[PDB]
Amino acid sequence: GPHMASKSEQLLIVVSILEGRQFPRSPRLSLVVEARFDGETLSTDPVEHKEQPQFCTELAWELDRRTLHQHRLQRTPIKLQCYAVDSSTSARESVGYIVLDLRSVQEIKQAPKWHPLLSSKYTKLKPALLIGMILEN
């Protein structure tokens, strides 16, 4: 009819923020990673600003397969920013960003990979995040 409903499988996109490398050791600071996908922001809880920070957090969004297909075609990003948080002054500062896209994410799983932070505040070495991305069921 003139109005047509749509049905497709409900899915979870799960982004795993596993760990970092090549950060400066900063005992006064912590690190938070925030991810935004399609106007929905999720954040890790602060972890120590070690050289190899242990984020160990999954961030999950729900969508259906037809909406996912559209996001692939539009190359809708999952936008990550990494923040150094200074609890002594309740301040934070972006120390770099990563842009992920879903073009390849599938049930058929892919191994996590290292993504360097772009526009990094920490210009010695190459700070990076180990990130996994999967479609769950």
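One rule holds for the numbers: they count along the sequence shown, beginning at 1.
When 12 to 20 is weighed against 119 to 127, 119 to 127 comes out higher, by mean CA B-factor as recorded in the entry. If you average the C-alpha B-factors over 22 to 30 and over 107 to 115, the higher value belongs to 107 to 115. Residues shown: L73, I78, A84, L42. Highest C-alpha temperature factor in the entry: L73. Of the residues listed, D38, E93, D64, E58, the entry assigns the biggest Cα temperature factor to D38. Compared with the other modelled residues of the chain, the Cα B-factor recorded for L102 ranks in the highest third.
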